[PDB]
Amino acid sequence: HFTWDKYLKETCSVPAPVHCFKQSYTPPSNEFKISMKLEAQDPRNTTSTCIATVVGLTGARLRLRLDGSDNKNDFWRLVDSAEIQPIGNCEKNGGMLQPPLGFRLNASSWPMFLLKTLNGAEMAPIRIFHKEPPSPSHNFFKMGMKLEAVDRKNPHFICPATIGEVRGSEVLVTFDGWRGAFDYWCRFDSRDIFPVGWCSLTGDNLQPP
């Protein structure tokens, strides 16, 4: 069975300290239920706010699906992610919700679809959306430090990863055992990276190398 303790020993490696991450030291509680609806920025068109439904829960994260699209692009968000908001947030602030990329109907049908989707829906309560944790003051990451990162091919999982390079505020995240596949750059304040042990702390899905 994979254990970070044995893994770090075996690989002669060391974890990125917890202060490197925009993650609370005490993970946020998850009071969402499956079927709750909320507002979320479309992961494939992040300028747009759409309706999302909670279709699964794993630890501190929600498995979300944009209403009106298929099941092939589900995305995962922390319960303290700023990229989700309560229903009503957009319109309260003078905005308009937008259809999801891959909306199965035509554009002209979106307003009808939004109305009928929300009528009789369980809205996630405003109170269960957690404020984001504070950002680190700067990029504490160092090349070679180990961490956990959302599995970019299947975000259901979180994977052991290593810092490949640091450039200013950016880090190159590399997935252990993947031989360079799905290497990607993110800013040090990314919500998709976590200190070692965050999966076991929160009850999430850690995929061994």
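One-based numbering along the sequence shown.
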As the entry reports it, the stretch among 117-125 and 93-101 with higher mean C-alpha B factor is 93-101
Using the B-factors recorded in the PDB entry, average over the C-alpha atoms of 134-142 and of 107-115, then report which stretch comes out higher. 107-115
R152: CA B-factor among chain residues, third -> highest
Going by the entry, which third of its chain does the Cα temperature factor of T47 land in? highest
For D176, the third of its chain by CA B-factor is the middle
Split into thirds by Cα B-factor across the chain's modelled residues, where does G68 land: lowest, middle or highest? middle
Please place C12 in the lowest, middle or highest third of its chain according to the CA B-factor in the PDB entry. middle
